[PDB]
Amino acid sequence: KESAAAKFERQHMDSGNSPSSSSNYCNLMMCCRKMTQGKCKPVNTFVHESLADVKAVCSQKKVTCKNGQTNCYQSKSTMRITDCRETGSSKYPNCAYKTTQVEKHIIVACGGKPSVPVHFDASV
């Protein structure tokens, strides 16, 4: 079972000076979104645009994915994204990320019917 002491630690402890800092965004989001279980996903992009705008990318510029697959598309316009990358100090299960906010074109793989994004390939 989860011991009572360990439960208390999970439910109530967050030791630090600036826990509510924006630079903590990735740590909490990478955790909330389940990408730190078993291992630390090294890199991940969050997109801050409407889902209608991201879904629209599936009918814009065609391009080859990084893995050779041919179902990739590049957004016509730049989008507000947050880039999360493990720090040189991150070691599972103590995953740590640096948060970076930039505006870049996103490249995603679309699949399914209707055709929707099913993989974030890269940003340019």
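Basically, rigid core = biggest C-alpha set you can superpose within 1.5 Å across the two forms. Note that residue numbering follows the sequence shown and begins at 1.
Taking the root mean square of CA deviations in 6 other deposited structures of this protein after fitting on the rigid core, 98-106 and 112-120 differ, and the farther of the two is 112-120. For the two regions 17-25 and 100-108, the entry's Cα B-factors average higher over 17-25. As recorded in the PDB entry, 89-97 is the stretch of 63-71 and 89-97 with the greater mean C-alpha temperature factor. Of the candidates 41, 33, 48, 55, it is 41 whose Cα B-factor is highest according to the PDB record.
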